[PDB]
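Working notes, structure below.
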Amino acid sequence: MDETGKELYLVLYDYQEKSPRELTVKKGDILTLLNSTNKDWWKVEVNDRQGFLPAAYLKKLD
């Protein structure tokens, strides 16, 4: 995706947003991390969109 040098996060499972701030994502999506100040809900970006997701849906790739 667009920007370079970013950590990549894999979405393990589909997630359907429960509020307008949240993201809807599909298994296999690749995300970047915008803000984590807790281990449970993160602000992330996928394909030009930004929103909140539960961190349990994500695996850091390395």
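If you're wondering about the labels, chains in the structure tokens are A, B, ... by order shown, residues count from 1 in each chain, ligands from 1 in order shown.
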**Q.** Spatial neighbours of residue 56 (chain A), 12 Å, only C-alpha atoms, chain gap at least 5 places, as a ChimeraX atom specification
**A.** /A:9-15,38-42
Q: Run DSSP on the backbone and grab whatever in chain A lands in strand (DSSP E); send it over as a ChimeraX atom specification.
A: /A:9-11,30-35,41-46,49-54,58-60
**Q.** Of the listed residues A:53, A:46, A:31, A:58, that which approaches residue 16 (chain A) most closely, counting only C-alpha atoms
**A.** A:53
(Q) Just the number, please: distance in Å from CA of residue 23 (chain A) to CA of residue 50 (chain A), one decimal. (A) 6.9 Å
Q.
If I take CA of residue 54 (chain A) and CA of residue 18 (chain A), how far is one from the other in Å, to one decimal?
A.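 Here the two named atoms are 11.0 Å from each other.
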